[PDB]
>>> print(open('structure-v7.tsv').read())   # TSV, C-alpha atoms and all ligand atoms
chain	number	residue	atom	x	y	z
A	1	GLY	CA	0.00	0.00	0.00
A	2	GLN	CA	1.33	3.46	0.81
A	3	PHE	CA	4.28	2.17	2.82
A	4	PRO	CA	8.11	2.63	2.14
A	5	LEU	CA	9.79	-0.70	1.33
A	6	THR	CA	13.64	-1.11	1.53
A	7	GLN	CA	16.06	-4.07	1.73
A	8	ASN	CA	19.36	-4.77	3.46
A	9	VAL	CA	22.44	-4.26	1.24
A	10	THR	CA	25.89	-5.89	1.37
A	11	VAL	CA	28.82	-4.39	-0.64
A	12	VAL	CA	32.69	-4.91	-0.70
A	13	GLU	CA	34.78	-2.02	0.64
A	14	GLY	CA	35.68	0.09	-2.45
A	15	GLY	CA	32.59	-1.04	-4.47
A	16	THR	CA	29.27	0.81	-5.15
A	17	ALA	CA	26.08	0.25	-3.09
A	18	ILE	CA	22.61	1.10	-4.27
A	19	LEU	CA	19.90	1.79	-1.65
A	20	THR	CA	16.37	1.54	-2.98
A	21	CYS	CA	13.15	2.65	-1.32
A	22	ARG	CA	9.90	1.77	-3.01
A	23	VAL	CA	6.21	2.67	-2.49
A	24	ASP	CA	3.38	0.71	-4.12
A	25	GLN	CA	0.67	3.31	-4.05
A	26	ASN	CA	1.50	7.00	-3.77
A	27	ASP	CA	0.96	10.48	-4.82
A	28	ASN	CA	2.93	13.65	-4.13
A	29	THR	CA	3.91	12.40	-0.81
A	30	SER	CA	7.61	12.88	-0.30
A	31	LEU	CA	10.38	10.41	0.25
A	32	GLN	CA	13.75	11.01	1.94
A	33	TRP	CA	16.93	9.04	2.67
A	34	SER	CA	19.07	9.63	5.79
A	35	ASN	CA	22.25	7.99	7.02
A	36	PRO	CA	23.22	6.32	10.28
A	37	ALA	CA	23.90	9.72	11.86
A	38	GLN	CA	20.34	10.79	10.85
A	39	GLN	CA	21.67	13.37	8.35
A	40	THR	CA	19.62	13.88	5.22
A	41	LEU	CA	21.08	12.46	1.88
A	42	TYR	CA	18.33	13.15	-0.53
A	43	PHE	CA	14.94	14.73	-0.15
A	44	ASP	CA	13.14	13.51	-3.28
A	45	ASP	CA	15.37	14.55	-6.17
A	46	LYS	CA	17.29	17.22	-4.06
A	47	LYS	CA	20.68	16.35	-2.74
A	48	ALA	CA	21.29	17.31	0.89
A	49	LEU	CA	24.61	16.28	2.43
A	50	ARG	CA	27.48	17.18	0.15
A	51	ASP	CA	29.38	13.91	-0.18
A	52	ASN	CA	30.39	13.50	-3.78
A	53	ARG	CA	30.16	9.73	-3.52
A	54	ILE	CA	26.39	9.79	-2.94
A	55	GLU	CA	24.45	10.23	-6.19
A	56	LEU	CA	20.90	9.86	-7.48
A	57	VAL	CA	19.80	6.65	-9.23
A	58	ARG	CA	16.08	7.50	-9.42
A	59	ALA	CA	13.50	9.87	-7.85
A	60	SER	CA	9.79	9.41	-8.52
A	61	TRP	CA	6.56	9.03	-6.63
A	62	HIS	CA	7.20	5.25	-6.36
A	63	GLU	CA	10.97	5.04	-5.98
A	64	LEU	CA	13.79	6.77	-4.34
A	65	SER	CA	17.16	5.16	-5.07
A	66	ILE	CA	20.67	6.41	-4.35
A	67	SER	CA	24.22	5.06	-5.00
A	68	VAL	CA	27.12	5.32	-2.59
A	69	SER	CA	30.36	4.81	-4.67
A	70	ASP	CA	33.79	3.86	-3.30
A	71	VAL	CA	32.27	2.75	-0.04
A	72	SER	CA	34.34	2.51	3.10
A	73	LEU	CA	33.97	0.53	6.27
A	74	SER	CA	32.72	3.61	7.93
A	75	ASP	CA	29.55	3.81	5.71
A	76	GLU	CA	28.31	0.59	7.39
A	77	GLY	CA	25.06	1.03	9.37
A	78	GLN	CA	21.35	1.71	9.37
A	79	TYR	CA	19.97	3.97	6.62
A	80	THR	CA	16.42	5.24	6.78
A	81	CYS	CA	13.91	5.92	4.08
A	82	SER	CA	10.95	8.09	5.31
A	83	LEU	CA	7.73	8.70	3.52
A	84	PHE	CA	5.86	11.78	4.75
A	85	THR	CA	2.30	10.49	5.21
A	86	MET	CA	0.51	11.71	8.38
A	87	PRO	CA	1.90	10.13	10.67
A	88	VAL	CA	5.33	9.60	9.05
A	89	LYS	CA	6.29	6.05	7.93
A	90	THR	CA	9.87	4.78	7.89
A	91	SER	CA	11.70	1.70	6.70
A	92	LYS	CA	15.37	0.86	7.44
A	93	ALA	CA	18.09	-0.63	5.19
A	94	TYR	CA	21.13	-1.88	6.92
A	95	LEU	CA	24.24	-1.44	4.77
A	96	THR	CA	26.93	-4.03	5.44
A	97	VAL	CA	30.50	-3.41	4.10
A	98	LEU	CA	32.76	-6.41	3.79
A	99	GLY	CA	36.57	-5.93	4.03
A	100	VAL	CA	38.78	-7.23	1.19
A	101	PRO	CA	40.54	-10.48	2.29
B	1	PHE	CA	27.10	30.64	8.67
B	2	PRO	CA	23.85	29.18	9.86
B	3	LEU	CA	22.66	31.36	12.75
B	4	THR	CA	19.66	30.73	14.93
B	5	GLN	CA	18.51	31.71	18.46
B	6	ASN	CA	16.85	30.30	21.58
B	7	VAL	CA	13.08	30.86	21.68
B	8	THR	CA	10.53	30.97	24.57
B	9	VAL	CA	6.78	30.36	24.15
B	10	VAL	CA	3.88	29.89	26.60
B	11	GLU	CA	2.09	26.49	26.20
B	12	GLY	CA	-0.74	26.88	23.66
B	13	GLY	CA	1.08	29.81	22.07
B	14	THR	CA	2.79	30.09	18.65
B	15	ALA	CA	6.63	30.05	18.38
B	16	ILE	CA	8.65	31.18	15.35
B	17	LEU	CA	11.99	29.58	14.52
B	18	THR	CA	14.35	31.66	12.37
B	19	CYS	CA	17.60	30.56	10.75
B	20	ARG	CA	19.93	33.05	9.16
B	21	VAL	CA	22.78	32.78	6.68
B	22	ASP	CA	24.86	35.99	6.37
B	23	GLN	CA	26.15	35.41	2.78
B	24	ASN	CA	24.98	32.49	0.71
B	25	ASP	CA	24.76	31.45	-2.93
B	26	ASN	CA	22.24	28.71	-3.60
B	27	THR	CA	23.06	26.28	-0.75
B	28	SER	CA	20.10	24.54	1.00
B	29	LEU	CA	18.74	25.01	4.47
B	30	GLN	CA	16.72	22.47	6.51
B	31	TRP	CA	14.98	22.60	9.93
B	32	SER	CA	14.51	19.49	11.96
B	33	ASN	CA	12.99	18.71	15.38
B	34	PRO	CA	14.26	17.27	18.61
B	35	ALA	CA	13.58	13.70	17.32
B	36	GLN	CA	15.70	14.59	14.25
B	37	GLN	CA	12.74	14.54	11.92
B	38	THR	CA	12.91	16.87	9.02
B	39	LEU	CA	10.27	19.72	9.26
B	40	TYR	CA	11.17	21.90	6.26
B	41	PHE	CA	13.78	21.30	3.60
B	42	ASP	CA	14.06	24.83	2.16
B	43	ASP	CA	10.44	25.75	1.18
B	44	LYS	CA	9.37	22.05	1.07
B	45	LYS	CA	7.27	20.82	3.96
B	46	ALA	CA	8.18	17.41	5.33
B	47	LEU	CA	6.76	16.14	8.73
B	48	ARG	CA	2.99	16.53	8.41
B	49	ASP	CA	2.06	18.13	11.68
B	50	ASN	CA	-0.32	20.79	10.43
B	51	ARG	CA	0.67	23.04	13.37
B	52	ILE	CA	4.05	23.67	11.64
B	53	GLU	CA	4.05	26.34	8.96
B	54	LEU	CA	6.35	28.17	6.66
B	55	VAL	CA	6.91	31.79	7.57
B	56	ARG	CA	9.85	32.43	5.20
B	57	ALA	CA	12.25	30.60	2.88
B	58	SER	CA	14.98	32.22	0.77
B	59	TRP	CA	18.73	31.64	0.52
B	60	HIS	CA	19.29	33.94	3.53
B	61	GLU	CA	16.62	32.77	5.89
B	62	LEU	CA	14.56	29.79	6.85
B	63	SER	CA	11.77	30.51	9.30
B	64	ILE	CA	8.97	28.30	10.53
B	65	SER	CA	6.07	28.69	12.94
B	66	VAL	CA	4.80	26.16	15.40
B	67	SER	CA	1.23	27.14	16.36
B	68	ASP	CA	-0.57	25.67	19.35
B	69	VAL	CA	2.52	24.50	21.21
B	70	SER	CA	2.51	21.83	23.93
B	71	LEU	CA	5.07	20.82	26.58
B	72	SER	CA	6.32	17.91	24.48
B	73	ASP	CA	7.48	20.38	21.76
B	74	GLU	CA	10.22	21.62	24.07
B	75	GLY	CA	13.86	21.02	23.13
B	76	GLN	CA	16.61	21.29	20.57
B	77	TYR	CA	15.61	22.17	17.02
B	78	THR	CA	18.44	22.14	14.51
B	79	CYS	CA	19.01	24.21	11.44
B	80	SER	CA	21.36	22.64	8.81
B	81	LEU	CA	23.24	24.46	6.01
B	82	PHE	CA	24.44	21.93	3.37
B	83	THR	CA	27.90	23.37	2.81
B	84	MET	CA	30.71	20.85	2.31
B	85	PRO	CA	30.98	19.81	5.22
B	86	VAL	CA	27.58	20.48	6.70
B	87	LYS	CA	27.21	23.20	9.42
B	88	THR	CA	24.50	23.31	12.12
B	89	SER	CA	23.05	25.74	14.61
B	90	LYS	CA	20.67	24.59	17.35
B	91	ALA	CA	17.83	26.58	18.83
B	92	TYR	CA	16.38	25.43	22.13
B	93	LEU	CA	12.60	25.92	22.47
B	94	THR	CA	11.36	26.55	25.94
B	95	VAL	CA	7.63	26.01	26.57
B	96	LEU	CA	6.10	27.26	29.87
B	97	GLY	CA	2.69	26.04	31.10
C	1	LIG	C1	18.59	-6.46	8.09
C	1	LIG	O1	19.68	-6.24	8.99
C	1	LIG	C2	19.54	-6.21	10.42
C	1	LIG	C3	21.02	-6.15	10.85
C	1	LIG	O2	21.28	-6.56	12.18
C	1	LIG	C4	18.69	-7.41	10.95
C	1	LIG	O3	18.16	-7.32	12.28
C	1	LIG	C5	17.51	-7.75	10.04
C	1	LIG	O4	17.03	-9.02	10.45
C	1	LIG	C6	17.94	-7.78	8.55
C	1	LIG	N1	16.87	-8.14	7.64
C	1	LIG	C7	16.41	-9.38	7.48
C	1	LIG	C8	16.98	-10.55	8.27
C	1	LIG	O5	15.50	-9.56	6.68
C	2	LIG	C1	1.19	17.82	-3.38
C	2	LIG	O1	0.27	18.65	-4.03
C	2	LIG	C2	-0.69	19.01	-3.10
C	2	LIG	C3	-2.10	19.15	-3.64
C	2	LIG	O2	-2.98	18.25	-3.02
C	2	LIG	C4	-0.07	20.30	-2.65
C	2	LIG	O3	-1.08	21.18	-2.21
C	2	LIG	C5	0.73	19.65	-1.54
C	2	LIG	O4	1.53	20.58	-0.90
C	2	LIG	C6	1.59	18.50	-2.05
C	2	LIG	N1	1.38	17.55	-1.01
C	2	LIG	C7	2.29	16.86	-0.37
C	2	LIG	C8	3.71	17.07	-0.71
C	2	LIG	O5	1.97	16.08	0.49
C	3	LIG	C1	19.86	27.78	24.72
C	3	LIG	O1	19.38	26.80	25.68
C	3	LIG	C2	20.37	25.85	26.15
C	3	LIG	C3	19.84	24.83	27.19
C	3	LIG	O2	18.74	25.24	28.00
C	3	LIG	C4	21.71	26.51	26.60
C	3	LIG	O3	22.76	25.57	26.82
C	3	LIG	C5	22.16	27.65	25.65
C	3	LIG	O4	23.22	28.34	26.27
C	3	LIG	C6	20.96	28.58	25.43
C	3	LIG	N1	21.12	29.91	24.80
C	3	LIG	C7	21.59	31.07	25.30
C	3	LIG	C8	22.18	31.16	26.69
C	3	LIG	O5	21.57	32.11	24.62
>>> encode(input="structure-v7.tsv", output="structure tokens", more="lines below")
Ligand SMILES: *[C@@H]1O[C@H](CO)[C@@H](O)[C@H](O)[C@H]1NC(C)=O
Ligand SMILES: *[C@@H]1O[C@H](CO)[C@@H](O)[C@H](O)[C@H]1NC(C)=O
Ligand SMILES: *[C@@H]1O[C@H](CO)[C@@H](O)[C@H](O)[C@H]1NC(C)=O
Amino acid sequence: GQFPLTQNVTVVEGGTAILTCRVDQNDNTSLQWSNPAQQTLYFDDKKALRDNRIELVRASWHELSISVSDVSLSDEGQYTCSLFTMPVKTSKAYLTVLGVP
Amino acid sequence: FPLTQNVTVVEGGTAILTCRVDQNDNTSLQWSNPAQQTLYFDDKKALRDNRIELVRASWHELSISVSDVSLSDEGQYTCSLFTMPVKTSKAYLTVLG
């Protein structure tokens, strides 16, 4: 229904992760990604946090997807997608970063 | 260069939160609440609490109004300026009963 859906992601240190938040049924209602520190990454199609590694895969009413390139072990953690229905709905994607053997 | 200030409001009253940037190009401002929920991202409303309104948004100022305040609204609101790296200024909202 009108609920944000995300999945856990696993990526190798140095590789590129893609975090995807989807909504089955939606209008206008805005989506937003934040990082483990709760800082905003994108608000719909508008970049927030300047970090040149974080870029926009897709922004629409049904999808908000972002790529983190050249990931490091310190990107590991819980990312949150928020959809601004009243009350707000959230869904978490835990990003795991594997070291190179 | 984000600059905000502590604000006092009597319970049931309306508080205004103002964030100021002395010189700015086209870098974004965002207010968020003590839970860290985004309220306004520039002129774009986020959290849907219909008590929260936009007073003013431009590159030099982001101001929002909280009408009808309650005791649970008390605390640290943060203004963010998305420079590289990000800069923040907190305003503390005191609500008296
Ligand atoms: C996603 O990751 C967290 C990491 O601890 C975990 O609790 C959760 O179960 C994971 N999702 C699953 C198992 O579907
Ligand atoms: C989307 O458009 C509506 C019209 O119903 C506009 O008034 C409103 O601000 C937007 N609503 C959102 C973002 O929830
Ligand atoms: C704003 O409020 C907090 C905590 O009550 C305080 O630490 C800060 O100094 C305050 N602002 C002033 C004194 O202007």
>>> residues_near_ligand(input="structure-v7.tsv", ligand="ligand LIG 2 (chain C)", cutoff="9 Å", atoms="only C-alpha atoms and all ligand atoms", output="PyMOL selection string")
(chain A and resi 27-30+84-85) or (chain B and resi 44-46+48)
>>> closest_residue(input="structure-v7.tsv", among="A:74, A:34, A:23, A:10", to="residue 92 (chain A)", atoms="all atoms listed in the file")
A:34
>>> axis_aligned_box(input="structure-v7.tsv", around="ligand LIG 3 (chain C)", padding_each_side="4 Å", output="AutoDock Vina command-line options")
--center_x 21.0 --center_y 28.5 --center_z 26.3 --size_x 12.5 --size_y 15.3 --size_z 11.4
>>> closest_residue(input="structure-v7.tsv", among="A:81, A:88, A:9, A:64", to="chain B", atoms="only C-alpha atoms")
A:88
>>> residues_around(input="structure-v7.tsv", residues="region 26-32 of chain B", least_positions_apart="3", cutoff="8 Å", atoms="all atoms listed in the file", output="list in words")
residues 48 of chain A; 35, 36, 37, 38, 39, 40, 41, 42, 59, 62, 77, 78, 79, 80, 81, 82 and 83 of chain B
>>> atom_distance(input="structure-v7.tsv", atom1="CA of residue 95 (chain A)", atom2="CA of residue 62 (chain A)")
21.4 Å
>>> build_atoms(input="structure-v7.tsv", residues="region 58-75 of chain A", atoms="N, CA and C atoms", output="mmCIF file, keeping the file's coordinate frame")
data_model
loop_
_atom_site.group_PDB
_atom_site.id
_atom_site.type_symbol
_atom_site.label_atom_id
_atom_site.label_comp_id
_atom_site.auth_asym_id
_atom_site.auth_seq_id
_atom_site.Cartn_x
_atom_site.Cartn_y
_atom_site.Cartn_z
ATOM 1 N N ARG A 58 17.459 7.218 -8.956
ATOM 2 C CA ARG A 58 16.080 7.500 -9.420
ATOM 3 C C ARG A 58 15.215 8.155 -8.357
ATOM 4 N N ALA A 59 14.500 9.213 -8.724
ATOM 5 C CA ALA A 59 13.500 9.870 -7.850
ATOM 6 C C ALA A 59 12.193 9.898 -8.565
ATOM 7 N N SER A 60 11.183 9.295 -7.956
ATOM 8 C CA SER A 60 9.790 9.410 -8.520
ATOM 9 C C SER A 60 8.810 9.244 -7.392
ATOM 10 N N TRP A 61 7.525 9.248 -7.678
ATOM 11 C CA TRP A 61 6.560 9.030 -6.630
ATOM 12 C C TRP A 61 6.628 7.636 -6.043
ATOM 13 N N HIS A 62 7.167 6.661 -6.752
ATOM 14 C CA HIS A 62 7.200 5.250 -6.360
ATOM 15 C C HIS A 62 8.590 4.711 -5.977
ATOM 16 N N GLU A 63 9.611 5.541 -6.124
ATOM 17 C CA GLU A 63 10.970 5.040 -5.980
ATOM 18 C C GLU A 63 11.884 6.142 -5.567
ATOM 19 N N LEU A 64 12.658 5.903 -4.540
ATOM 20 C CA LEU A 64 13.790 6.770 -4.340
ATOM 21 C C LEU A 64 15.052 5.951 -4.165
ATOM 22 N N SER A 65 15.949 6.052 -5.132
ATOM 23 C CA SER A 65 17.160 5.160 -5.070
ATOM 24 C C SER A 65 18.438 5.963 -5.157
ATOM 25 N N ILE A 66 19.451 5.605 -4.364
ATOM 26 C CA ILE A 66 20.670 6.410 -4.350
ATOM 27 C C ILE A 66 21.859 5.452 -4.396
ATOM 28 N N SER A 67 23.000 5.901 -4.960
ATOM 29 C CA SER A 67 24.220 5.060 -5.000
ATOM 30 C C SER A 67 25.237 5.680 -4.091
ATOM 31 N N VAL A 68 25.920 4.877 -3.261
ATOM 32 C CA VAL A 68 27.120 5.320 -2.590
ATOM 33 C C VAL A 68 28.330 4.662 -3.308
ATOM 34 N N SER A 69 29.194 5.432 -3.970
ATOM 35 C CA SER A 69 30.360 4.810 -4.670
ATOM 36 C C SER A 69 31.596 4.816 -3.763
ATOM 37 N N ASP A 70 32.572 3.945 -4.077
ATOM 38 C CA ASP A 70 33.790 3.860 -3.300
ATOM 39 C C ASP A 70 33.502 3.744 -1.811
ATOM 40 N N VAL A 71 32.779 2.722 -1.394
ATOM 41 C CA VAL A 71 32.270 2.750 -0.040
ATOM 42 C C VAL A 71 33.368 2.408 0.912
ATOM 43 N N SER A 72 33.337 2.929 2.123
ATOM 44 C CA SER A 72 34.340 2.510 3.100
ATOM 45 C C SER A 72 33.680 1.837 4.286
ATOM 46 N N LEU A 73 34.499 1.189 5.105
ATOM 47 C CA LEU A 73 33.970 0.530 6.270
ATOM 48 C C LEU A 73 33.215 1.474 7.163
ATOM 49 N N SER A 74 33.395 2.756 7.002
ATOM 50 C CA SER A 74 32.720 3.610 7.930
ATOM 51 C C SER A 74 31.325 4.034 7.461
ATOM 52 N N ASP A 75 30.928 3.633 6.233
ATOM 53 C CA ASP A 75 29.550 3.810 5.710
ATOM 54 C C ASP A 75 28.578 2.740 6.264
#
